[PDB]
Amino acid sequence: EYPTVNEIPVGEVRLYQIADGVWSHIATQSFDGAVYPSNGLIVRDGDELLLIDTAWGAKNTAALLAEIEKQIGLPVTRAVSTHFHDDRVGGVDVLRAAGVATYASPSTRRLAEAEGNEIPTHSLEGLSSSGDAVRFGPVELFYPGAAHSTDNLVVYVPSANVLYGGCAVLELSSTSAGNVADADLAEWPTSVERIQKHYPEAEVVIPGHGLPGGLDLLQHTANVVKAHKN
């Protein structure tokens, strides 16, 4: 019953409970004439919530906050963007205006600025080298190395064994790595291997787009990217 574009009209947001205090948020995007669902994460921390990634753009992200208040009824106090592309930082201004403290690595913030995208307010230090990990409220942030982008982060929820990969992880039904304009195809399989090695106890893996599954999404991702590199 994980929602797809056939269940979410363009511009709508849904939540899906993955585990106690862990949800994905799913929003249908329209981009370059294609329509597709994008995932992010919500994690409970006491009586507050941590948000991972926006819903792409001001209107979608406002709709996300509305859906969270309806379904969960706890305030979002902090948000993290997993890389600099407009789909993951677009909407940060809505978050910030709503009182959410927004975060990203310094690399993500620089790249977003240089692109003319919205820029998270706060820097996350300690994530500049492959294998680097930092605790942030109820999650661990991990920099696996360059993959979909050079700055991409993944997020682990230790209490629930849930890994959110952002666009560095592909769904099982995927046959291509998607937009690779800012990707490092040579490094990406190695970066996935770091994730595999560091989180061998992950039970649920959530890709940037599409259906969650188990740890096999990681090996599948490496395989697709390697086959792409042809």
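Just count from 1 along the sequence shown to find any residue number.
Of the two stretches examined, 94 to 102 and 77 to 85, the record assigns the greater average C-alpha temperature factor to 94 to 102. Higher average CA B factor: 199 to 207, of the stretches 164 to 172 and 199 to 207. Remark: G145 belongs to the middle third of its chain, ranked by C-alpha B-factor as recorded.
For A114, the recorded CA temperature factor ranks within the highest third of the chain's modelled residues.
Among the modelled residues of its chain, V10 has a C-alpha B-factor that falls in the highest third according to the deposited record. The deposited CA B-factor of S128 belongs to the highest third of values across its chain. Residue-level temperature factors show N60 in the middle third of its chain, judged at the C-alpha atom.
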